[PDB]
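In PDB author numbering, the protein residues as written are 9 to 26, 52 to 79.
Below is one structure, written out as structure tokens; the observations come after it.
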Amino acid sequence: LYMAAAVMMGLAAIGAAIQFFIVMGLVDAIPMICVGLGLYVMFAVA
């Protein structure tokens, strides 16, 4: 359910995805990208 889980990453990651200059550990895409990868997979978990 990457919708509420969208919140999971999407919040963290869309919060991240949506600065790596060095603030990436604070960005949250780290997941976004890999884990938003799988939070975005959280629903794209076919």
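For every residue, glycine included, the Cβ atom is placed at its ideal position computed from N, Cα and C.
Roughly how many angstroms separate the alpha carbons of residue i and residue j, rounded to a whole number?
| i | j | result |
| --- | --- | --- |
| residue 12 | residue 76 | 9 angstroms |
| residue 69 | residue 53 | 16 angstroms |
| residue 74 | residue 10 | 7 angstroms |
Should residue i be flagged as near chain D, meaning a C-beta pair shorter than 7 angstroms?
| i | result |
| --- | --- |
| residue 54 | Any reference to chain D falls outside this structure, which holds one protein chain only. |
Could you tell me whether the Cβ atoms of residue i and residue j are closer together than 7 angstroms?
| i | j | result |
| --- | --- | --- |
| residue 14 | residue 61 | no |
Quick one: what's got a C-beta closer than 6 angstroms to residue i's C-beta in the same chain, skipping five residues either side?
| i | result |
| --- | --- |
| residue 24 | 60, 61, 62 and 65 |
| residue 17 | 64, 65, 68, 69 and 72 |
Leaving out the 5 sequence neighbours to the left and right, which residues in its chain are closer than 8 angstroms to residue i when beta-carbon positions are compared?
| i | result |
| --- | --- |
| residue 78 | 10 and 71 |
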